[PDB]
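Neighbour counts are summed over all protein chains in view; Cβ atoms, including those assigned to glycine, are modelled from backbone coordinates with ideal geometry. Just so it is clear, none of the values below were taken in a lab; they were calculated from the coordinates.
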Amino acid sequence: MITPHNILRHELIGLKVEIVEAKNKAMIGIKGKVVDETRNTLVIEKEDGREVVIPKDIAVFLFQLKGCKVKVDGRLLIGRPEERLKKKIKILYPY
Amino acid sequence: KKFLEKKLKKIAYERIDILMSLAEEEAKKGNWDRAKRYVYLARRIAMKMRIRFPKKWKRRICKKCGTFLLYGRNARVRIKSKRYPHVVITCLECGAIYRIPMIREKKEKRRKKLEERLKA
RNA sequence: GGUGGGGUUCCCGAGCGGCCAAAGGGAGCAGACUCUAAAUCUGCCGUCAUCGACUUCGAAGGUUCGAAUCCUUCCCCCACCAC
RNA sequence: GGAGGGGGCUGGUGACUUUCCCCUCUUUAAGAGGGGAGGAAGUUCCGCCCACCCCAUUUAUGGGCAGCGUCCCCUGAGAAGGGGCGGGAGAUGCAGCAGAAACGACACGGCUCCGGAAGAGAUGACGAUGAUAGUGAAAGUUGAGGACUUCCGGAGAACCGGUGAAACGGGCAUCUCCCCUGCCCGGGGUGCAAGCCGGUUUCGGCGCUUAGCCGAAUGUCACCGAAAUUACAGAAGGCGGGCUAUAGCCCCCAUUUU
Ligand SMILES: [Zn+2]
């Protein structure tokens, strides 16, 4: 099962996602699934049919699990998912 | 108190299973390059985690190119056992040809038949 | 300004690219032992605390089938120098 | 138009004080003039000027550097960043598990021959987990009143390895030599807190500066400009290369966007 604690190490591809906050104004309001994932980038296919390239470190993501909705920064999702499942420890201080 | 019941290798095996299931689910649509990307990421996490492939998704992929092999579409599967028992997978994309020798199971069946002959 | 080096468990300290391989010692807890206590021995030894399994080898990136180890960068800690 | 990356530059003038410093100068001792930290001074990875000690005096032998731009590999929003430079031989390693087998080839099983045992002549054994059966036998076409078989042990021409990242065969990394091309000839070791002098423990002087301190000097304000004392950040003998961190403007590239 996919847990909100290990979502820092679970695979993001194959999960519906929407973003709630970002510095880009037009980025806010997208909904879709995750297809491709690189070191700080998701390739998201919308339900409308548009592929978008979303950087991770500028936005916060809301991943839709089996019933759950988890809000995680992409600053926590830094690194390739290969190296992220190797081991990546990120500690963020929003002061 | 037990908070972490799932370890690193267990989530690695789950990522193997999810990525290769999504590889099968996305390989039938028409995007073989996306399925090649899934097989490439699963192979990279297999060499990284030092974990072995499951026996379900073991023979469904190609080692040379990395395309997920649909049997019939881009993979030709023929069983020949005249000289030696073998099941041959043939990649239609690049041309890499692999097989499944079954000599030792035939040896076990042969020893069982020898025991049935000697008991009778 | 300069040379020869070191950072690994709470503290002193080893470690061939490979199964917590992580030598360990002292420390804490528990057992054993004793009238009590010291000393000796046994297991946990960071966690679940019975076997066993996972994390940390100053930090990051990269190579590799796989990093305490090999490469690069960022650091700190030593020793001694004015004549 | 908005986060980000790379390259370029970082001072000048005027006033105050020798009581911020150094140098020069005249003069009823005090004034006047000039100059005063940067792209990295940091990191110490290096080389050269300068010194001492040894061998040697050699371009005979031999040593050192380079194969750049280009290309390859790896990671990024694919601009950009990092590493490398030709070929051969020898040695080591690719743990554990798996696989016949982990770096030169092989022993092993399917294939051929021989010896032993078991069943059998319109019977019976075997056979869709494939039968007499063929091909350069990796591979592919074949698919049954098909049909004379099976095992063990030994020896051999050709083909083949369910495993693993990587295999009857080609790779990877390290080390050492010889096969090249061009340039240069003293070879090593320590380093200015080296080394030298008055002194002979300890001190002062040279190295030392178109800034040159050492108990580590380079001050304050305004302004043209817009490159400005704002970020990283400070000399200590000097010069050149590379790395690290970013202030202001200029130029170039990318995502969202319209
Ligand atoms: Zn292929």
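Quick one: B:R99 ticks every box in (1) more than 17 Å from A:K86 (Cα to Cα); (2) at the interface with chain A (Cβ under 10 Å from one of its Cβ atoms) bar one, so which box is it?
All conditions are met except number (2).
Taking the condition of a type in the set (A, V, I, L, M), more than 15 Å from the chain's Cα centre (by Cα), over 25 Å from A:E82 (Cβ atoms) and surrounded by 11 or more Cβ atoms within 10 Å (Cβ to Cβ), does B:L92 pass?
Judged against the criteria, B:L92 is a match.
If I go through segment B:29-69 residue by residue, how many of them are of a type outside the set (K, R), within 14 Å of chain A (Cβ to nearest Cβ) and part of a helix (DSSP H, G or I)?
Qualifying residue count, segment B:29-69: 11.
Working carefully through the options A:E18, A:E51, find the one that is touching a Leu at 6+ places or on another chain (Cβ under 7 Å) and not basic (K, R).
A:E18
Yes or no: B:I18 crowded, with 17+ Cβ neighbours inside 10 Å, farther than 14 Å from A:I13 by Cα and either within 11 Å of another protein chain (Cβ to nearest Cβ) or more than 18 Å from the chain's Cα centre (by Cα) (or both)?
So B:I18 fails the test.
Considering only segment A:85-95, how many residues are more than 16 Å from RNA strand D (Cβ to nearest atom) and either surrounded by 15 or more Cβ atoms within 10 Å (Cβ to Cβ) or under 24 Å from B:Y13 (Cα atoms) (or both)?
The number of residues fulfilling the criteria is 3.
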